[PDB]
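One structure below.
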Amino acid sequence: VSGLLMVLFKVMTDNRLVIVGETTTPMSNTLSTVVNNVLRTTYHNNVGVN
Amino acid sequence: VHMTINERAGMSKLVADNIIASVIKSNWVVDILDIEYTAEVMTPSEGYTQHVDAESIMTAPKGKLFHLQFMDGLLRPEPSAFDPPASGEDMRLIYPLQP
Amino acid sequence: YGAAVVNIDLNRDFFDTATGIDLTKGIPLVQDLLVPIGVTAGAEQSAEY
Amino acid sequence: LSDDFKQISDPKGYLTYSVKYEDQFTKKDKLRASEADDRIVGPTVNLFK
Amino acid sequence: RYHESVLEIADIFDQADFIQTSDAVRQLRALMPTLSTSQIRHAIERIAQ
């Protein structure tokens with residue numbers, strides 16, 4: 001219960017404000033078409049998993 | 001099988017080696033449209049200065065310019081009448097799709 | 001006599017290295033013109049043409 | 001007038017994937033495609049290897 | 001059942017004074033990757049350099 005509370009508090013006080021990070025803009029010809037269909041010009045260098 | 005490969009991008013090394021094996025054994029014809037390339041046209045005396053293994057053709061990144069070389073064998077003088085017969089056979093894998 | 005092949009390439013002397021152009025492979029090429037942003041462009045990129 | 005926000009660049013989620021591999025079937029060695037597509041597809045490919 | 005094709009502006013207009021180019025520019029643009037605006041700026045700075 002204490003853990004759910006600290007999660008809730010840590011979310012209630014998540015005063016983060018995203019600024020644009022390092023971001024690639026790959027030349028389109030280098031990307032396999034399946035990736036090109038997904039990508040929209042730029043993307044963060046720190047693409048996460050998905 | 002006239003297999004057309006529009007894009008090699010996700011293709012596994014296993015599958016690529018296997019497709020090449022099918023080209024050699026089942027006599028597949030595998031057109032590969034992904035590749036962009038330049039073509040120096042060699043003359044028989046200058047030989048083939050550069051080389052391209054099938055592995056590299058199946059695994060080179062898209063958007064890189066491949067530099068293939070193609071011999072014009074037209075200026076190859078006839079063999080001496082007394083040269084020993086060739087028991088073997090010269091072969092070839094890479095061809096252009098276009099002039 | 002004995003000329004294997006005659007070609008009609010672009011004049012490398014005119015489109016010099018001063019223009020950033022290479023012509024060793026038959027096509028014109030120019031580096032760092034059309035490039036990815038945030039990463040180094042790969043070598044021998046087709047976009048160079 | 002206020003220090004209301006902590007500015008940050010590459011935000012981390014509350015959730016995240018976790019994955020236990022079967023060591024017998026996993027090649028610990030990294031997978032990779034072309035540099036272009038490994039830049040994107042990459043970490044996803046390695047997580048769900 | 002159609003046939004897509006480029007059609008030069010000169011074939012439509014009769015006034016030559018306002019027609020500077022041809023099909024060839026469109027064909028060249030068809031050769032180009034789609035460019036993000038920063039890539040366009042990069043190209044312009046390159047040519048300038």
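Identifiers for the structure tokens are assigned positionally: chains receive A, B, ... in sequence, residues are indexed from 1 per chain, and ligands are indexed from 1 in the order shown.
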Item to check | Exercise answer, chain C residues close to chain E, 12 Å and only C-alpha atoms, as a ChimeraX atom specification | outcome: /C:18-21,30-38,46-49
Could the residues in this selection be saved with C-alpha atoms as an mmCIF file, in the first residue's frame?
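Saved the output as selection-v3.cif:
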data_model
loop_
_atom_site.group_PDB
_atom_site.id
_atom_site.type_symbol
_atom_site.label_atom_id
_atom_site.label_comp_id
_atom_site.auth_asym_id
_atom_site.auth_seq_id
_atom_site.Cartn_x
_atom_site.Cartn_y
_atom_site.Cartn_z
ATOM 1 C CA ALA C 18 36.194 22.484 -56.875
ATOM 2 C CA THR C 19 32.453 21.915 -57.371
ATOM 3 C CA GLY C 20 32.564 19.093 -54.840
ATOM 4 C CA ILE C 21 31.905 16.627 -57.667
ATOM 5 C CA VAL C 30 28.564 15.221 -54.060
ATOM 6 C CA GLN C 31 28.992 14.610 -50.347
ATOM 7 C CA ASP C 32 27.147 16.369 -47.504
ATOM 8 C CA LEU C 33 24.491 17.945 -49.742
ATOM 9 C CA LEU C 34 21.379 15.814 -49.220
ATOM 10 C CA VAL C 35 22.069 14.250 -45.820
ATOM 11 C CA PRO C 36 20.467 12.817 -42.679
ATOM 12 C CA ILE C 37 20.309 15.251 -39.771
ATOM 13 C CA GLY C 38 21.715 14.290 -36.369
ATOM 14 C CA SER C 46 23.134 6.779 -53.419
ATOM 15 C CA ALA C 47 21.722 10.188 -52.523
ATOM 16 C CA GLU C 48 25.135 11.590 -53.472
ATOM 17 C CA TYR C 49 24.221 10.962 -57.102
#
Item to check | Selection near residue 19 (chain E), 9 Å with only C-alpha atoms, sequence-local residues under 4 positions removed, as a PyMOL selection string | outcome: chain E and resi 9-10+13+15
Item to check | Within 10 Å of residue 25 (chain C) using only C-alpha atoms, minus same-chain residues under 3 positions, as a PyMOL selection string | outcome: (chain B and resi 37-40+67) or (chain C and resi 9+22+28-29)
Would you kindly report the residues of chain D within 12 Å of chain A, using only C-alpha atoms, as a PDB file with N, CA, C and O atoms, in the first residue's frame?
ATOM      1  N   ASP D   3       9.220  27.915  -9.990  1.00  0.00           N
ATOM      2  CA  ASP D   3      10.062  26.868 -10.555  1.00  0.00           C
ATOM      3  C   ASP D   3       9.195  25.662 -10.851  1.00  0.00           C
ATOM      4  O   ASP D   3       9.516  24.538 -10.464  1.00  0.00           O
ATOM      5  N   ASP D   4       8.091  25.907 -11.545  1.00  0.00           N
ATOM      6  CA  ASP D   4       7.026  24.916 -11.680  1.00  0.00           C
ATOM      7  C   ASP D   4       7.425  23.625 -12.408  1.00  0.00           C
ATOM      8  O   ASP D   4       6.888  22.560 -12.112  1.00  0.00           O
ATOM      9  N   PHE D   5       8.376  23.702 -13.335  1.00  0.00           N
ATOM     10  CA  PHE D   5       8.674  22.542 -14.168  1.00  0.00           C
ATOM     11  C   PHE D   5      10.139  22.145 -14.227  1.00  0.00           C
ATOM     12  O   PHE D   5      11.020  22.991 -14.347  1.00  0.00           O
ATOM     13  N   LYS D   6      10.380  20.839 -14.159  1.00  0.00           N
ATOM     14  CA  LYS D   6      11.706  20.276 -14.376  1.00  0.00           C
ATOM     15  C   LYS D   6      11.872  19.844 -15.839  1.00  0.00           C
ATOM     16  O   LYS D   6      11.414  18.777 -16.231  1.00  0.00           O
ATOM     17  N   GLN D   7      12.500  20.695 -16.644  1.00  0.00           N
ATOM     18  CA  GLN D   7      12.714  20.411 -18.059  1.00  0.00           C
ATOM     19  C   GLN D   7      13.675  19.248 -18.313  1.00  0.00           C
ATOM     20  O   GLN D   7      14.745  19.179 -17.721  1.00  0.00           O
ATOM     21  N   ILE D   8      13.301  18.363 -19.232  1.00  0.00           N
ATOM     22  CA  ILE D   8      14.028  17.121 -19.493  1.00  0.00           C
ATOM     23  C   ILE D   8      13.831  16.753 -20.952  1.00  0.00           C
ATOM     24  O   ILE D   8      12.867  17.192 -21.572  1.00  0.00           O
ATOM     25  N   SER D   9      14.720  15.933 -21.496  1.00  0.00           N
ATOM     26  CA  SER D   9      14.796  15.796 -22.943  1.00  0.00           C
ATOM     27  C   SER D   9      14.220  14.495 -23.469  1.00  0.00           C
ATOM     28  O   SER D   9      13.463  14.483 -24.439  1.00  0.00           O
ATOM     29  N   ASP D  10      14.573  13.397 -22.821  1.00  0.00           N
ATOM     30  CA  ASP D  10      14.202  12.089 -23.325  1.00  0.00           C
ATOM     31  C   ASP D  10      13.507  11.369 -22.180  1.00  0.00           C
ATOM     32  O   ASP D  10      14.125  10.609 -21.435  1.00  0.00           O
ATOM     33  N   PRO D  11      12.208  11.652 -22.019  1.00  0.00           N
ATOM     34  CA  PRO D  11      11.372  11.289 -20.866  1.00  0.00           C
ATOM     35  C   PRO D  11      11.264   9.789 -20.668  1.00  0.00           C
ATOM     36  O   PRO D  11      11.194   9.044 -21.644  1.00  0.00           O
ATOM     37  N   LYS D  12      11.241   9.351 -19.414  1.00  0.00           N
ATOM     38  CA  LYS D  12      11.112   7.929 -19.114  1.00  0.00           C
ATOM     39  C   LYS D  12       9.698   7.613 -18.646  1.00  0.00           C
ATOM     40  O   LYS D  12       9.109   8.367 -17.872  1.00  0.00           O
ATOM     41  N   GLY D  13       9.159   6.494 -19.121  1.00  0.00           N
ATOM     42  CA  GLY D  13       7.784   6.131 -18.831  1.00  0.00           C
ATOM     43  C   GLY D  13       7.572   5.617 -17.422  1.00  0.00           C
ATOM     44  O   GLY D  13       8.526   5.240 -16.744  1.00  0.00           O
ATOM     45  N   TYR D  14       6.326   5.612 -16.965  1.00  0.00           N
ATOM     46  CA  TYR D  14       6.021   4.941 -15.706  1.00  0.00           C
ATOM     47  C   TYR D  14       6.106   3.424 -15.914  1.00  0.00           C
ATOM     48  O   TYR D  14       6.623   2.691 -15.082  1.00  0.00           O
ATOM     49  N   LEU D  15       5.616   2.965 -17.053  1.00  0.00           N
ATOM     50  CA  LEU D  15       5.759   1.569 -17.422  1.00  0.00           C
ATOM     51  C   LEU D  15       6.955   1.272 -18.346  1.00  0.00           C
ATOM     52  O   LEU D  15       7.548   2.162 -18.949  1.00  0.00           O
ATOM     53  N   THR D  16       7.297   0.000 -18.449  1.00  0.00           N
ATOM     54  CA  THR D  16       8.361  -0.431 -19.329  1.00  0.00           C
ATOM     55  C   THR D  16       8.220  -1.940 -19.532  1.00  0.00           C
ATOM     56  O   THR D  16       7.664  -2.628 -18.675  1.00  0.00           O
ATOM     57  N   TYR D  17       8.678  -2.457 -20.670  1.00  0.00           N
ATOM     58  CA  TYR D  17       8.711  -3.907 -20.856  1.00  0.00           C
ATOM     59  C   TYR D  17       9.847  -4.556 -20.066  1.00  0.00           C
ATOM     60  O   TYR D  17      10.922  -3.979 -19.904  1.00  0.00           O
ATOM     61  N   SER D  18       9.603  -5.775 -19.603  1.00  0.00           N
ATOM     62  CA  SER D  18      10.625  -6.603 -18.988  1.00  0.00           C
ATOM     63  C   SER D  18      10.546  -7.909 -19.727  1.00  0.00           C
ATOM     64  O   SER D  18       9.481  -8.284 -20.217  1.00  0.00           O
ATOM     65  N   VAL D  19      11.664  -8.610 -19.820  1.00  0.00           N
ATOM     66  CA  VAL D  19      11.674  -9.844 -20.576  1.00  0.00           C
ATOM     67  C   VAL D  19      12.655 -10.844 -20.024  1.00  0.00           C
ATOM     68  O   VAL D  19      13.832 -10.535 -19.843  1.00  0.00           O
ATOM     69  N   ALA D  33      20.621  -4.811 -38.158  1.00  0.00           N
ATOM     70  CA  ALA D  33      20.389  -4.660 -39.588  1.00  0.00           C
ATOM     71  C   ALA D  33      21.280  -3.547 -40.115  1.00  0.00           C
ATOM     72  O   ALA D  33      22.385  -3.332 -39.611  1.00  0.00           O
ATOM     73  N   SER D  34      20.795  -2.834 -41.125  1.00  0.00           N
ATOM     74  CA  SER D  34      21.513  -1.678 -41.637  1.00  0.00           C
ATOM     75  C   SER D  34      21.543  -0.643 -40.530  1.00  0.00           C
ATOM     76  O   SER D  34      20.671  -0.638 -39.660  1.00  0.00           O
ATOM     77  N   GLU D  35      22.556   0.215 -40.541  1.00  0.00           N
ATOM     78  CA  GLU D  35      22.722   1.181 -39.469  1.00  0.00           C
ATOM     79  C   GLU D  35      21.480   2.045 -39.384  1.00  0.00           C
ATOM     80  O   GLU D  35      21.046   2.404 -38.292  1.00  0.00           O
ATOM     81  N   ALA D  36      20.883   2.326 -40.538  1.00  0.00           N
ATOM     82  CA  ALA D  36      19.745   3.231 -40.609  1.00  0.00           C
ATOM     83  C   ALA D  36      18.568   2.686 -39.832  1.00  0.00           C
ATOM     84  O   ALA D  36      17.993   3.379 -38.994  1.00  0.00           O
ATOM     85  N   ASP D  37      18.226   1.431 -40.107  1.00  0.00           N
ATOM     86  CA  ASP D  37      17.074   0.790 -39.487  1.00  0.00           C
ATOM     87  C   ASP D  37      17.354   0.194 -38.101  1.00  0.00           C
ATOM     88  O   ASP D  37      16.430   0.037 -37.315  1.00  0.00           O
ATOM     89  N   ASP D  38      18.609  -0.126 -37.790  1.00  0.00           N
ATOM     90  CA  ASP D  38      18.965  -0.541 -36.420  1.00  0.00           C
ATOM     91  C   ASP D  38      18.899   0.647 -35.474  1.00  0.00           C
ATOM     92  O   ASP D  38      18.757   0.486 -34.266  1.00  0.00           O
ATOM     93  N   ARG D  39      19.010   1.847 -36.027  1.00  0.00           N
ATOM     94  CA  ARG D  39      18.947   3.052 -35.219  1.00  0.00           C
ATOM     95  C   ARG D  39      17.554   3.195 -34.632  1.00  0.00           C
ATOM     96  O   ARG D  39      17.359   3.853 -33.609  1.00  0.00           O
ATOM     97  N   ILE D  40      16.588   2.562 -35.286  1.00  0.00           N
ATOM     98  CA  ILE D  40      15.195   2.723 -34.932  1.00  0.00           C
ATOM     99  C   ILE D  40      14.670   1.410 -34.388  1.00  0.00           C
ATOM    100  O   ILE D  40      14.323   1.281 -33.214  1.00  0.00           O
ATOM    101  N   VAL D  41      14.631   0.431 -35.271  1.00  0.00           N
ATOM    102  CA  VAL D  41      14.125  -0.888 -34.971  1.00  0.00           C
ATOM    103  C   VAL D  41      14.962  -1.565 -33.888  1.00  0.00           C
ATOM    104  O   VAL D  41      14.460  -2.375 -33.113  1.00  0.00           O
ATOM    105  N   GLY D  42      16.227  -1.170 -33.814  1.00  0.00           N
ATOM    106  CA  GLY D  42      17.228  -1.828 -32.993  1.00  0.00           C
ATOM    107  C   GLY D  42      16.862  -2.306 -31.604  1.00  0.00           C
ATOM    108  O   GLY D  42      16.736  -3.516 -31.384  1.00  0.00           O
ATOM    109  N   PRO D  43      16.707  -1.370 -30.654  1.00  0.00           N
ATOM    110  CA  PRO D  43      16.476  -1.772 -29.259  1.00  0.00           C
ATOM    111  C   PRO D  43      15.251  -2.669 -29.109  1.00  0.00           C
ATOM    112  O   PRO D  43      15.271  -3.593 -28.292  1.00  0.00           O
ATOM    113  N   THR D  44      14.224  -2.425 -29.915  1.00  0.00           N
ATOM    114  CA  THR D  44      13.043  -3.273 -29.926  1.00  0.00           C
ATOM    115  C   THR D  44      13.391  -4.686 -30.359  1.00  0.00           C
ATOM    116  O   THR D  44      12.915  -5.662 -29.786  1.00  0.00           O
ATOM    117  N   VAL D  45      14.247  -4.788 -31.366  1.00  0.00           N
ATOM    118  CA  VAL D  45      14.665  -6.080 -31.884  1.00  0.00           C
ATOM    119  C   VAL D  45      15.456  -6.849 -30.827  1.00  0.00           C
ATOM    120  O   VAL D  45      15.250  -8.040 -30.635  1.00  0.00           O
ATOM    121  N   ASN D  46      16.344  -6.156 -30.125  1.00  0.00           N
ATOM    122  CA  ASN D  46      17.115  -6.791 -29.066  1.00  0.00           C
ATOM    123  C   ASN D  46      16.319  -7.160 -27.827  1.00  0.00           C
ATOM    124  O   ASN D  46      16.668  -8.101 -27.128  1.00  0.00           O
ATOM    125  N   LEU D  47      15.257  -6.419 -27.536  1.00  0.00           N
ATOM    126  CA  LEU D  47      14.464  -6.745 -26.358  1.00  0.00           C
ATOM    127  C   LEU D  47      13.641  -7.987 -26.629  1.00  0.00           C
ATOM    128  O   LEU D  47      13.580  -8.902 -25.809  1.00  0.00           O
ATOM    129  N   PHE D  48      13.023  -8.022 -27.803  1.00  0.00           N
ATOM    130  CA  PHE D  48      12.105  -9.099 -28.150  1.00  0.00           C
ATOM    131  C   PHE D  48      12.832 -10.051 -29.076  1.00  0.00           C
ATOM    132  O   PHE D  48      12.267 -10.558 -30.050  1.00  0.00           O
ATOM    133  N   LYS D  49      14.101 -10.281 -28.749  1.00  0.00           N
ATOM    134  CA  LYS D  49      14.970 -11.150 -29.525  1.00  0.00           C
ATOM    135  C   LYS D  49      14.509 -12.579 -29.376  1.00  0.00           C
ATOM    136  O   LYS D  49      13.777 -12.906 -28.440  1.00  0.00           O
TER     137      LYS D  49
END
Checklist entry - If you run DSSP on this backbone, which residues of chain A come out as alpha helix (DSSP H), and could you give them as a list in words? => result residues 2, 3, 4, 5, 6, 7, 8, 9, 10, 11, 12, 33, 34, 35, 36, 37 and 38 of chain A
Next on the checklist: Residues of chain B were defined as contacting chain A if any atom lay at most 10 Å from it, counting only C-alpha atoms; please report them as a VMD selection string.
Outcome noted: chain B and resid 6 to 10 34 61 to 64
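Going from CA of residue 43 (chain B) over to CA of residue 74 (chain B), you cover 8.4 Å.
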Item to check | chain C residues near chain D (10 Å cut-off, only C-alpha atoms) as JSON, numbers by chain | outcome: {"C": [36, 39, 41, 42]}
Kindly save the residues from that selection, with N, CA and C atoms included, as a short mmCIF file (atom, residue, chain, number, x, y, z; two decimals), in the first residue's frame.
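Dumped to selection17.cif:
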data_model
loop_
_atom_site.label_atom_id
_atom_site.label_comp_id
_atom_site.auth_asym_id
_atom_site.auth_seq_id
_atom_site.Cartn_x
_atom_site.Cartn_y
_atom_site.Cartn_z
N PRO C 36 21.20 12.97 -43.94
CA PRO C 36 20.47 12.82 -42.68
C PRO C 36 20.91 13.87 -41.68
N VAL C 39 22.99 12.63 -37.63
CA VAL C 39 23.90 11.50 -37.80
C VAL C 39 24.77 11.71 -39.02
N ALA C 41 26.20 10.93 -42.55
CA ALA C 41 25.71 10.23 -43.72
C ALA C 41 26.62 9.04 -43.99
N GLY C 42 26.05 7.93 -44.41
CA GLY C 42 26.85 6.75 -44.68
C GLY C 42 27.72 6.98 -45.89
#
Next on the checklist: Neighbouring residues of residue 10 (chain C) were defined as those with any atom within 9 Å, considering only C-alpha atoms; residues of the same chain fewer than 5 positions away were excluded. Please report them as JSON, numbers by chain.
Outcome noted: {"C": [15, 23, 26, 27, 28]}
Next on the checklist: Neighbouring residues of residue 54 (chain B) were defined as those with any atom within 10 Å, considering only C-alpha atoms; residues of the same chain fewer than 5 positions away were excluded. Please report them as number ranges by chain.
Outcome noted: B: 16-17, 20, 59, 93-94
Next on the checklist: Which residue is closest to chain E? Choose from A:9, A:4, A:23, A:42 and count only C-alpha atoms.
Outcome noted: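 For chain E, the nearest of the candidates is A:42.
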